[PDB]
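Residue numbers (the authors' numbering), protein chains in the order written: chain H, 7 to 58; chain D, 425 to 479, 483 to 590; chain I, 2 to 56, 63 to 213, 234 to 397, 410 to 420, 439 to 493; chain E, 347 to 402, 408 to 424; chain G, 6 to 212, 219 to 267, 296 to 339; chain F, 1 to 81, 90 to 141, 158 to 499.
For each residue, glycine too, the CB sits at the ideal point set by N, CA and C.
Let me begin by presenting the structure, written as structure tokens, before commenting on it.
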């Protein structure tokens, strides 16, 4: 019945070093209903043009 | 300070994590294994088709389209990315739908690429369809002694706005 | 389960049949008197079906009779001259038929039969479109029937015979018809965006009592009257949702962002307000307190003519009927369910085959990081060049182009070959000449 | 952490990596001794205890487990 | 007796996946990966006559069997654009004995997605044909005076004046005998008709024409009585012969472990609490869970 | 059963193919039948209908070559023309990325025709910019002076001409004849004439009709139309007063509150747009717009669990997208729910109907991977984001960061140059290029890059220290 002991002290930065930054995660914006309808009406014309 | 504040959602989530941490760990490791699998799969498929515009043998190419109207300016920004080594024999070949776009010179040699300079190599694409039809255009950069493209790029040509 | 319409007795109702509004009715056509309603559905394919559902099961379908001509807008009201017992009205395109669903019992759950008798009929000169029923004027204990026509005319039957019939002034496409009892008025929505109310005795004497120019044409109009405090008239357009007063002006309106198909202002809760529920074409139900959404649910099908009724000791069950043939009684789902990955100790990740595939792919990756013959022949004579290409493997999407120089001009530039079987030769011929 | 994630073999190999890659921190040795003694071995737990005592001193709670895994071994 | 088109089973045996006598395979597709269970393992999909089967194709033990009388919605999703070919995906929603599952089937190799079409087709054929393998009361069977036959059905014996020992005064009615099902209408208000399929019959004996149901339509004992018993025993023996010759090869009239827990459509929910009334909304609502409230579940 | 009845019932049930299919018959059978005529007209015009309120492309020509705002340099805070770019991704010099793309989004405006042309076609609108923003009936054959007498025909005919054929001039002719037939007493014809004007270019001549229609009968439609007109004249504070007037008329309308919130977000004071989106929620609670916006704002102001709740709500309401599931993945990972994280990204990759959506999902998977460690998986994910969308600048920047982590400086320099060439409005590629240059030397390139960084994110900190050090080296 022994519990493993954890260090109570973390790692602390002692100087700020210029590191190359990464771009940030990108939440894909949702669409409206008018926009979806417009895109689908734009692609349906293409489909009928190709299907003739 | 601006130290944030956590609502009931946070304590309920931490309680779930404290009571069901093992299942979360296991399922996240399984998901990570499957993600490594699928990423390696897609990387190998891209290497097969040579669809990466960034791929010893150092290069980097990306194609920009400019302009509305039936005539678009398509400029390929190509760049040799190496310490000091030029690339002598390379050539660019375009793949398009010959019924929608009229490329004057769909194949041309590229100048000696000096390491560090972005070469803009531009062409004039022209939409031929009287109806608005947007079709992709592929670009392949390849050696002159080889037949497998060194790298490739894609461009979705916008609508024509013709007359 | 949250925001889903959890399922109750549900069924599919035929072989690619087709329904519309007015089809789904829900009342005591059996005249038991106990309160439990019974579903009635009639398609314009012909079959009239009546159900007494219990929470799939065989004995649920009371009867599935078939009439020859199509069926429009089954209704349940006191459509007989003598008694105060509910009778079932079936409106075929050129026919009216009052029936009576009499159920006799046997000494077993499935020994009980149900007989419909054609109490009376009515030949319809014009082609019927839809109808309404109510105690026209101030009569009580009677349910007269005002049927419309596809060409505007509205004909009124006083529960026995052809009372009269008057043409609607200025209508082309017949819209939804209803009858308000607190004002004794037939309210319709003409083709020209006008919600119009006519007093009954005015039409009986043949005009417009009042009009309101809503922005569109309405799909349905449902005058609800279980509240005697402040009367209102609901009008569901194809783009908006109005609740009008009794004088003729908008009490309030909602600008819906979806496409409604059906609505039903059912029993209310607060003082003065009226709960209502509307069905998208996006497979959802919305439950407003007259403007304000109080709940929403994700239905299975596109609801046509929803109803709310007490079915087998459960009050307020929502009965929906699609136009393809589905039907479903349902209750709202109010169970917020933890979002958490399922614990399936049985299902393990097969490390052997997956590691084989990953070793293969990683081998390809770490390895890469370290078919056709063309020939040209020029003639010895504007010289004609001929290019022959021959493949080893079968190839596809072949494009052959020629580039000489600026001054020299070719009579042919591009040549397109489609798929070619292996060991097949292709020759092209063009001519080059100086121009400049 | 691993020890608490129902994966003791991975904890074994991780502790081996650590003890090979650690030089002047006895906490690793004491924790590996605790893992071993809880695994019912009590044999290599003495090896990790002796490795720790060869490495050595201030933490209040690493002192007690030092003496409790000693006396109980 | 017959469960292939009535249940949804997981980790099925190598024998229960085999085509039942009346069953018949239609279409197959290899490399169909299974999802909604993130095992990332391939398989093989089969659209049979009565159910859809999927077996792992590498560890064929782990598998899925979904009956057609237990599916609600089947949706095909064409996505995953130009990067590769247009690959499809199959979403099946199932509800067996009040438990909702959902399975997803991803066609890995984009070179053969046609399967996902035929399934839809046969599913319609499964639902447009339920008078072949199910029991129904008081349906719309009779024409002006005759029976409306199914596609693969012809009458055998045409008997008039056959009583029904389940009612009191609406009995005397015709008795139609066919190769798929046996029906009786009432010849007087001819909507009291019963259409029993041979599939649901368990044993036809006499105690009088007693017909028992096969534990699916309940213990529905049907009793009929005819003229002097000569034709009666004749009908009983011919009915038994037809029953056996049908059960030899069924028809079905279709023209042309913790595994469950990882396939729930709701998410960690296999349940439906008792639907009780709701004074707040005025609708029949599912019972609330020990402290929750409607206006507290609605807000965010 | 009957032709006209079955066709009209198909129309009621929103079939819109069968309806026309029976009317075409019914019209071939009888050359004199106007019921089926206008019914087929309705069906045709409603297969393509889209309400004019939320169609505000404007385009490149309107953006520069059309000046309508009275004030040229109005006070900051009264014209349309939060988290810093160090947290929230951006699209222009400012204008952080929004939730709920709508086809009326302008999201900044270009300065010159050249800049608008030489930029990506979809960097100022939800759709690529445009310079300008047999047949059933031939418009040149019918005498609108005779259909105007019959309003039952005139209304459907105008809807056909306007929304199907898009003939604003003939539509306006018909609407003028109709309005003069009604003696200017029906608000609908006034609203339609105002719409004809508004898409002809005449805003004041449209505001006149919309005001005169509001005087007839208050409707949410006319309020939103005036809101569009006022926003076109660059007058936010007039549109807000008009919206509060409308809410005084309709006490709890959701579209009006949502328009107020949209105007407050265009003016970029989120502290009131959140309040108005919360009012929308108190009214609707299924509103995709308000839920998405409050969810994004909750995610980026380091509260990803509340955003995960707000997006699980949209998941509960049957919404099934690629955007929604990638959002759920980001939230689950950053809210520390590692069980439902990667399956959401898998559903996203499954649902993506594009090559840019797939690239964004692979970009976010690379973010997940680099948060897990194992920089090789993130390397592969960024390269796949590039392979899917060649003009993906964030993938270039992150892949160059990982390359310089490995050691390959020239690869990182070239990739950062490509990123800063594709998206100049971003600050990370410029800052990283300046940093690596200064690390090796080349203080001229470091200055030319750090100054563009300061031009992109002008309140940065490390950019200021870099510029100070550089200007100190120059003396």
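- Any Cβ of chain F closer than 9 Å to the Cβ of residue 77 of chain I would place that residue at the interface, and such an atom is present.
- Going by beta carbons, residue 441 of chain D and residue 216 of chain F fall outside the 9 Å limit.
- For residue 116 of chain G, the closest Cβ of chain D is not nearer than 9 Å.
- Within 8 Å of the CB of residue 471 of chain D, the CB atoms of chain I belong to 391, 392 and 395, in sequence order along the chain.
- At least 9 Å separates the beta-carbon of residue 8 of chain F from that of residue 283 of chain I.
- In the displayed model, residue 371 of chain F falls within a helix according to three-state DSSP.
- Within the stretch 68–130 of chain I, the complete beta strand (DSSP E) segments of 3 residues or longer fall at 68–73, 79–84, 94–99, 102–106, 108–111, 120–123 and 127–130, listed in chain order.
- Here DSSP, grouped into helix, strand and coil, assigns residue 302 of chain I to strand.
- Chain G has no Cβ within less than 9 Å of the Cβ of residue 488 of chain I.
- Taking 9 Å as the threshold, the shortest C-beta distance from residue 110 of chain G to chain I does not fall below it.
- For chain G, the residues of the stretch 365–388 of chain F that bring a beta carbon within less than 9 Å of one of its beta carbons are 366, 367, 370, 371, 373, 374, 375, 376, 377, 378, 379, 381, 382 and 383, in chain order.
- With respect to residue 486 of chain F, residue 455 of chain F sits close: the two C-beta atoms are nearer than 9 Å.
- Secondary structure of residue 506 of chain D (DSSP, three-state): strand.
- Residue contact with chain G for residue 327 of chain I: present (Cβ-Cβ distance below 9 Å to some residue of chain G).
- When the Cα atoms are used, residue 101 of chain F and residue 457 of chain F turn out to be separated by approximately 18 Å.
- Flagged as an interface residue toward chain D: residue 350 of chain E, by a C-beta distance shorter than 9 Å.
- Close partners of residue 309 of chain F in chain G (Cβ separation under 9 Å): 337, 338 and 339.
- The beta carbon of residue 88 of chain G falls within 9 Å of a beta carbon belonging to chain D, placing the residue at that interface.
- Residue burial is scored here from C-beta neighbours: residue 56 of chain H has fewer than 16 other C-beta atoms within 10 angstroms and is therefore classed as exposed.
- Contact between the stretch 17–29 of chain F and the stretch 375–382 of chain I is absent, with fewer than three C-beta pairs closer than 8 Å.
- Residue-level contact check: residue 50 of chain I does not touch chain F, since none of the beta carbons of chain F fall below 9 Å from its beta carbon.
- Taking 9 Å as the cut-off, the beta carbon of residue 569 of chain D is found closer than this to the beta carbon of residue 518 of chain D.
- Against chain F, the CB of residue 359 of chain I has no partner CB under 9 Å away; the residue lies outside that interface.
- For residue 214 of chain F, the closest C-alpha among the options F:197, F:226, F:236 and F:201 is that of F:236.
- DSSP places residue 25 of chain H outside both helix and strand once states are collapsed to three, so it counts as coil.
- Per DSSP, residue 64 of chain F has no beta bridge partner at all.
- The secondary-structure analysis by DSSP pairs residue 204 of chain I across a beta bridge with I:194 and I:237.
- Taking 9 Å as the threshold, the shortest C-beta distance from residue 15 of chain H to chain D does not fall below it.
- Residue state for residue 460 of chain F is assigned as helix, using DSSP reduced to three classes.
- Judged by pairs of C-beta atoms under 8 Å, the stretch 486–498 of chain D does not touch the stretch 381–398 of chain F, as fewer than three such pairs exist.
- Judged by their CB atoms, residue 36 of chain G and residue 113 of chain G are nearer to each other than the 9 Å cut-off.
- Residue-level contact check: residue 274 of chain I does not touch chain G, since none of the beta carbons of chain G fall below 9 Å from its beta carbon.
- Of all C-beta pairs linking the stretch 317–334 of chain I to the stretch 15–31 of chain I, three or more are shorter than 8 Å, placing the two stretches in contact.
- Only residues of its own chain outside the window of five on either side were considered, and among them 476 have a CB closer than 6 Å to the CB of residue 453 of chain I, listed in chain order.
- Using beta-carbon distances, residue 498 of chain D does not count as an interface residue toward chain I, since no partner is under 9 Å.
- The CB of residue 280 of chain I comes closer than 8 Å to the CB of 243, 244 and 274 in chain F, given here in chain order.
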